[PDB]
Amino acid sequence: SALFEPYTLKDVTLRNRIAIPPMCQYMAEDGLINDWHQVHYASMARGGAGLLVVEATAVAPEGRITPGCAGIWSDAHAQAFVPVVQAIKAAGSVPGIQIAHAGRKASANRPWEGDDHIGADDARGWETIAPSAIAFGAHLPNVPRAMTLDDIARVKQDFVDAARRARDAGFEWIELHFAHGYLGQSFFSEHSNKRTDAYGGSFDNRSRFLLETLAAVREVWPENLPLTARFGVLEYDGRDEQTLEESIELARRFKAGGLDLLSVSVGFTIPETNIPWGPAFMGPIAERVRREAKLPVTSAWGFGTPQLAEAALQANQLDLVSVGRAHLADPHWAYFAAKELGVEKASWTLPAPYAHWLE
């Protein structure tokens, strides 16, 4: 099975090609994770996935999506992750983290508590920041404050500090969240970036915040540990071929800047889109990015069937398959996939106190 071959990138070796992508739990308090996250992550790691990327973890308080998001904007915040790192490692999986800044999609309610921007009169909310003072719209109508040059430098330094802390906490894999309509994605997109200084206009200027943040993080993040990013390479906004061509050139520039792997996604920059959801629908996009930018990739959004994961790998569309929601449903999904694909001694994808009895 391709899905259960190991993967080596820099000095990290993953025991198979199953990655758990970052999935916000909205269960933190003032950025501090807790018992909820400890069991959630340790249980999934024991399930057998080779790589577990911890949810979007805010580099700054205002960079949270919700009052429940994890943060890493202080050393105390970082120290809370150590037991998660240790549990993921004890289960044989590799611990990663996604560091993030929600940009104009910040100050929102939890998804099951309205999923919408927090109102002005609710004290739990805060002012958001973005490249330009333009709202997403729809359920997120709040207009962000356009970032100053000092703002741009401060946030780049929060990403550096976040990466410094993740390193020191023991993570072996980092992912910069430049996707899904949050701060980084909104600098790259013409939809959201109307700046007239060095950080807007041309392709080079729209690229600048992302490339400078990459470069700054690269300085503190070990060369022997994978440096990755997630990026939305198209929006399904009717501008797909031009957007894709530009996104692939920026990925060429990420590679020149030392990126080891790109997690390929959708922009979600604006609500006025027509995304063709379906099983493995990102496969061909991911493949194009991989081939044209000459960079390993993962992706998500449907691949959560064992035959779809296996297929993508064999067609060299992906190097890792990210499987999210199926792990929410079953934290032992990797074991289910091993059984489905006829892996030998499939029950031993799980630790012994389980594997002995299931074989």
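Residues carry their position along the shown sequence, with the first being 1.
Stretch comparison (320-328 versus 301-309) by mean CA B-factor in the PDB entry places 301-309 on top. The stretch 119-127 shows the higher mean C-alpha B-factor when 119-127 is compared against 135-143 in the entry. Within the group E212, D260, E241, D161, the record's highest C-alpha temperature factor is found at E241. Across the residues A334, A56, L295, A45, the deposited record lists the maximum Cα B factor for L295. Among all modelled residues in its chain, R15 ranks in the middle third by Cα B-factor. Placement of the Cα temperature factor of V343 within the chain: highest third of the modelled residues, per the deposited record. In the PDB entry, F178 places in the middle third of its chain by CA B-factor.
In the deposited entry, the Cα temperature factor of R252 places it in the lowest third of its chain's modelled residues. Among all modelled residues in its chain, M23 ranks in the middle third by Cα B-factor.
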